[PDB]
Amino acid sequence: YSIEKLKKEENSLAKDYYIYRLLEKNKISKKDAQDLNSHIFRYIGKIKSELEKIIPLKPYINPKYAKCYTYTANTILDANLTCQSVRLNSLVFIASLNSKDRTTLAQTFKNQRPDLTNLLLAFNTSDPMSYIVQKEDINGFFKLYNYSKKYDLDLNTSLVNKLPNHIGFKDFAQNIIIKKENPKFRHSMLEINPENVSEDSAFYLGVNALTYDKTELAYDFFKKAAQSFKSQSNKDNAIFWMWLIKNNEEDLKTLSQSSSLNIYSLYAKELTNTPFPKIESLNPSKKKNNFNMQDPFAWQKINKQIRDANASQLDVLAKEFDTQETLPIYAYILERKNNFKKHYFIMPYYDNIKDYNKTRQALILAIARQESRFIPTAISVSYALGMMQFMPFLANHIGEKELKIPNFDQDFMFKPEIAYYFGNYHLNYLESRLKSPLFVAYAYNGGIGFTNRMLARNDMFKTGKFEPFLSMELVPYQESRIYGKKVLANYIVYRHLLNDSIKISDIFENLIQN
Ligand SMILES: CC(=O)N[C@H]1[C@H](O[C@H]2[C@H]3C[C@H]4[C@@H]2OC(=O)[C@H]4C3)O[C@H](CO)[C@@H](O)[C@@H]1O
């Protein structure tokens, strides 16, 4: 489709994908690209940097403060007082000034903006973080952390307990704990009162406390996380820790009776001889309908209707799409429609995988459920394609160089036959090197480079009191940490449905290297 037909379609990730594809093939003229900013659902990342190679946009700065960016560190004392304050938002700017000008600007600002005063005087020292910490300036602490992550220093109880009141705190704690940077910051965060944190912050501080073997503080942190978490999956992750640390059976019972199906609730059910949860069964009699499951545009359309529906338009959609041909959509609508209380694990386009061994089938289906919910024409924000969410680099390399498919286009990933076959091929490569389906899941999402780098560390997936569950919490990419846990649960479930059950404790045992 030409840029002109693309312009007639609604903004969406599909449209973006296709505009990107013209860009990468250099088929968009400077003229085509004029009105094109209005035609991009999500102007971030690749399509942005690619369209800015044609029409650079170097904006934007408000007409108000335009005079203010005509001054440099050399001429800043000639600037009016508003301009002075604007430029001092940048800690790099402040670092650029000489110390005489910092002293002067610091006196100007001590009345109305002592935040500025403190940063100004801080950069007149060999250690700005220490100066800020001594003044207990919370806003300054975070501006310094964002400016430079290499500042590290011990923080007292008074101070650490103020940090969680700032929006930066969560990202700050997550980062330094899973990356294992700022050891003095980490050690100091052992004195945060659990009362003062909640949710993810509380959870990550529980993980922190485990790493220093402070199991009491860890429980309190995990407990506070259990009581505050919005989603049940996260509550469960926290209840599981509560149990592992103390071993109260009230905790494990709550976890075995969870409405959320996840690895922690599954493991707990196994440990308590609780029966496997009820998996729905969808077998629509209706054979097909009008809907083109191979049209990416139709999907994005119907996907917006499903998202933006009262739980009553849903029942109109559910019935419209209650067919064998639109089964993946049916299950998608149903999942939302029953408020995520029912467990849907379909096996669509099964003829394409029925001749693989059942353990392989489970792995493929588990990946596809998380990647796509089995939507053939699914496109991610990084433009990963189809049910198995292949990046176009990898899809083209497999399809052109390896499997030598004739007339291979990357849009072939929209075909179930192909998605499942390339999925099988790529998983074969990963399994043969990594073995565990959890490790395979990490590498399917984050690449095998990152996974091998992680497994080579001697603090990851080794033996230890709290292993392998602690390592699972310390996987360094957030997206991959979450992905693994989910795909693993999907794997258990699908092995079960396939009559190829495995104890999840068996999976956890083979995560440890001896
Ligand atoms: C289409 C899409 O955005 N897919 C992405 C996937 O997101 C799914 C999840 C979260 C949403 C999204 O599409 C769905 O149907 C739900 C299941 O997440 C993965 C990382 O975990 C991504 O690797 C994958 O590309």
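Counting from 1, the numbers follow the sequence of the chain as shown. Below, all heavy atoms of this structure are taken into account, side chains as well, without hydrogens, waters or symmetry copies. Counting starts at 1 for both ligands and their atoms, in listed order.
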Subject >> Under 4.0 Å to a heavy atom of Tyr332 - the qualifying atoms of ligand 1, by number >> reply: 15 (O)
**OP:** Enter the distance from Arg481:CZ to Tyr477:OH here, rounded to the nearest 0.5 Å.
**Re:** 12.5 Å
**OP:** Using a strict cut-off of less than 4.0 Å between a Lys/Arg side-chain nitrogen and an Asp/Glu carboxylate oxygen, indicate whether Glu467 and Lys462 qualify as a salt bridge.
**Re:** no
**OP:** Output yes when a protein non-hydrogen atom is found under 4.0 Å of atom 8 (C) of ligand 1, and no otherwise.
**Re:** yes
Subject >> Atoms of ligand 1 close to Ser380 [distance to a heavy atom under 4.0 angstrom, numbered from 1] >> reply: 2 (C), 3 (O), 25 (O)
Subject >> salt bridge (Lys or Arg N to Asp or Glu O under 4.0 Å) evaluation trace for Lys278 with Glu280 >> reply: CA-CA 6 Å; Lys278 170 84 192 310; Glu280 300 310 306; 3.7 Å; yes
Original post:
In this structure, which one of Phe414, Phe412, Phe408 forms a ring-ring contact (aromatic ring centres under 6.0 Å, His included) with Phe422?
Top reply: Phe408
**OP:** Return yes when at least one protein heavy atom is under 4.0 Å from atom 20 (C) of ligand 1, and no when none is.
**Re:** yes
Original post:
Which word best sums up how the rings of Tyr494 and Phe345 line up, parallel for under 30°, tilted for 30 to 60°, or perpendicular for over 60°?
Top reply: perpendicular
Original post:
For ligand 1, which atoms have a heavy atom of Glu479 less than 4.0 angstrom away?
Top reply: 20 (C), 23 (O)
Subject >> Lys269 and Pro275, any side-chain heavy atoms less than 4.5 Å apart >> reply: no
**OP:** Identify whether NZ of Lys or CZ of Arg in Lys223 sits under 6.0 Å from the centre of the six-membered ring of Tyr219 and within 45° of that ring's axis.
**Re:** no
Original post:
Below 4.0 angstrom, N of the basic side chain to O of the carboxylate: do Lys7 and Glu4 qualify?
Top reply: no
Subject >> Nitrogen or oxygen atoms of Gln370 and ligand 1 under 3.5 Å apart >> reply: yes
Original post:
Considering only heavy atoms of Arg373, which atoms of ligand 1 have at least one such atom less than 4.0 Å away?
Top reply: 15 (O), 17 (C)
Original post:
Do any N/O atoms on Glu371 end up under 3.5 angstrom from N/O atoms on ligand 1?
Top reply: yes
Subject >> Contact bool for atom 12 (C) of ligand 1 (protein heavy atom, d < 4.0 Å) >> reply: no
**OP:** Within a distance under 4.0 Å of any heavy atom of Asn445, pick out the atoms of ligand 1 and give their elements.
**Re:** 20 (C), 23 (O)
**OP:** Establish, from distance only, whether the side-chain atoms of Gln232 and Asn262 form a donor-acceptor pair under 3.5 Å.
**Re:** no
Subject >> Heteroatom proximity flag, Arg369 to ligand 1, N/O under 3.5 Å >> reply: no
Original post:
Should the proximity of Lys486 to ligand 1, defined as any heavy atom under 4.0 Å, be assigned to the side chain, the backbone, both, or neither?
Top reply: neither
Subject >> Location of contacts on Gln389 toward ligand 1, heavy atoms closer than 4.0 Å >> reply: side chain
